[PDB]
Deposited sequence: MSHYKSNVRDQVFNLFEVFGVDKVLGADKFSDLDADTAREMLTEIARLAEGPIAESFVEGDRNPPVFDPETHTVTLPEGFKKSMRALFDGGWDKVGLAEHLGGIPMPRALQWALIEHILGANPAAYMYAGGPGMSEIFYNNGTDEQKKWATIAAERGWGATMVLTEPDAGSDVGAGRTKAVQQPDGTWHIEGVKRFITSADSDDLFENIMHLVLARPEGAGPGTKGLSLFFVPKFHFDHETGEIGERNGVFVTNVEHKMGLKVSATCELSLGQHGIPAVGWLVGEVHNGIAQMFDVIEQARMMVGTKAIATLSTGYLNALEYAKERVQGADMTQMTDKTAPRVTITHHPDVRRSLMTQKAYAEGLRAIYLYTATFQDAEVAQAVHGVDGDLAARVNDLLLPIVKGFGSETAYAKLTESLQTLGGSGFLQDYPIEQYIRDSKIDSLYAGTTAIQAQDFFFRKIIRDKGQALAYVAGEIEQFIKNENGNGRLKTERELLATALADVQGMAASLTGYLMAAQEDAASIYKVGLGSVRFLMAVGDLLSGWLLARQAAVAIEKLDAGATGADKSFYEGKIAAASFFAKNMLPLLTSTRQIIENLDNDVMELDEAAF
């Protein structure tokens, strides 16, 4: 079959046996979707992903898009367009879209489980297919008349983009200089040059593209708060029917050459520079740009983390399948005997260590994103966790930088282990792992770098939140530790240490912040430790959710599981125990390092580096 190896079994385990998302299925907004239908849809998109979507994964990398600078368009390889059309023909660009836009209502946890398969098989395909999702965000934020346009865009399958970045404004979105000039009739003319814009042209995939552009109204103040958000279509259109009209003044003027994600056209986007106005409409007819655009950023950050996680999963399963069949060397118990039988490399300790490291992080990361998604519907958060909608919203916001920052860094790092398992053959393009690595390196960068994720996590999702979301999650970990049954005692002990280590880091970083009121340079220590802190919280959450999974697996085994199910559950116990014993203790040293941070490295002269 193809490069892409699905894990629907693990999705169903999380969704149904661990988190109990089927509790909300068959009722209320999910009236017409029941559990078994949910399982059928997971199986269907996984087969679709393993077949027609994965089919063009290599082709898109080896035959990347070609730019015509005179027409300002891109030509995509035909195999990839065939995969996109299979995605459209199944309606999968409409998963989780509201019913009034032609969607199938469903909890976000199931939506992201479905999308994982597209992201593991050919992640740029989901990126090109984000149009309908962006249309819903435009609908929610729009005027009544804009809601009509959003409905047309969703129904007609328009593409979409999020246009923030400029050469001088990447992490610092608020330095953007793209300008908006108000017209008497209430439209605006957008003038400037954006860069790194994903999908800014997409060949003939779509009838139109909705660019959602951040720009600064003439005379507005500085920073992100002076930015407004504009609906800037590639083509003007009939506002009543959707019929495409004159080309609007927004043109791709370069396409980047990238390490990976090559089939995803990443564009310099010129507005108002070619003698034709880039007409924009103010989104919701209010100046509230950074807030509106963050509705999109939140989904892109979830998507990017889930992509990284999906990629590690298929990288692990490729490595595992290879290790099961590769014969090399004798068992270590016979390494002195040069006539001993040769064994498959799964017999070797370092290979088993490597594979379990991959497995535990891949499955811990899947649990994290599905756990995060459990707080993205108030009904689900109430049904499975018993929390109100306000706390649910704060917990989801807390977890998003973990999913994005921890997921992206972890997935890339452990794909090193997946590739190593293949030996020399891992370095070949014949196997998919080297492309997984290249495709996933970007996940620590776009949608906000890891350092940006770490600062958001600490400054906004803990300090500004007054630690409510964090205290909730820490309390749920504590309950698991307290409610002994004794077969997970050492794991609970190790978790208790890791929770205390992370509580220490949070208190230390908060202390450096509080001490900055009298010595401003103390705040630098927050920066110095923020990413290590973010990564420690992800390890703690991975450890906890793996341990919860192990507890459910213990129940299912005690009850009499057999066959493939038994092996599945046995692997869950092994992963949780392995993770508790080999990853969690490192947090103690990370606590001590963070408790002792000094500003020596901030005081060093730049010339000394």
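According to the record, C-alpha coordinates are lacking for deposited residues 485-486 and nowhere else.
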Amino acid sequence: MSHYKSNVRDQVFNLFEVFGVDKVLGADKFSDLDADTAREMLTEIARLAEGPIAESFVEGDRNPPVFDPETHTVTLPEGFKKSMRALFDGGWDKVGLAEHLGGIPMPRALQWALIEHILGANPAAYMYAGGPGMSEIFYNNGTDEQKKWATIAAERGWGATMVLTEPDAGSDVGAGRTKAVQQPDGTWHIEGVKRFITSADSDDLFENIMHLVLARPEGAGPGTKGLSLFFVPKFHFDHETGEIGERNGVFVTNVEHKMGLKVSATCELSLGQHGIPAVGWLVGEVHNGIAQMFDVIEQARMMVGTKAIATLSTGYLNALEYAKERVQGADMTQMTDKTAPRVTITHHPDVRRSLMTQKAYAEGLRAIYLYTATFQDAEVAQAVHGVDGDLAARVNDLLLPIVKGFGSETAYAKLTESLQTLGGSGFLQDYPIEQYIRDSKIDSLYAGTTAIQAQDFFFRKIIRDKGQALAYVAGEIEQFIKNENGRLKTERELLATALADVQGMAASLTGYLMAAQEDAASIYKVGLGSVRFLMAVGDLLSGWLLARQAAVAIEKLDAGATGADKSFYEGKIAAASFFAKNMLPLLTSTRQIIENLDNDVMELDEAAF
From here on, numbers count along this sequence of modelled residues.
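When the C-alpha B-factors of 195-203 and 517-525 are averaged, 517-525 comes out higher.
Legend: mean Cα B-factor per stretch from the PDB entry, 594-602 versus 20-28; the higher mean is in 20-28. Between the residues 213, 451, 279, 95, it is 95 that shows the highest Cα B-factor in the PDB record. The PDB entry assigns the greatest CA B-factor among 341, 170, 123, 401 to 341.
Looking at the C-alpha B-factors along this chain, the one for residue 226 belongs to the middle third.
When the modelled residues of the chain are ordered by their C-alpha B factor, residue 244 lands in the highest third. When all modelled residues of the chain are sorted by CA temperature factor, residue 337 is found within the highest third. Placement of the Cα temperature factor of residue 177 within the chain: lowest third of the modelled residues, per the deposited record. Among all modelled residues in this chain, the alpha-carbon of residue 580 has a temperature factor (C-alpha) in the middle third.
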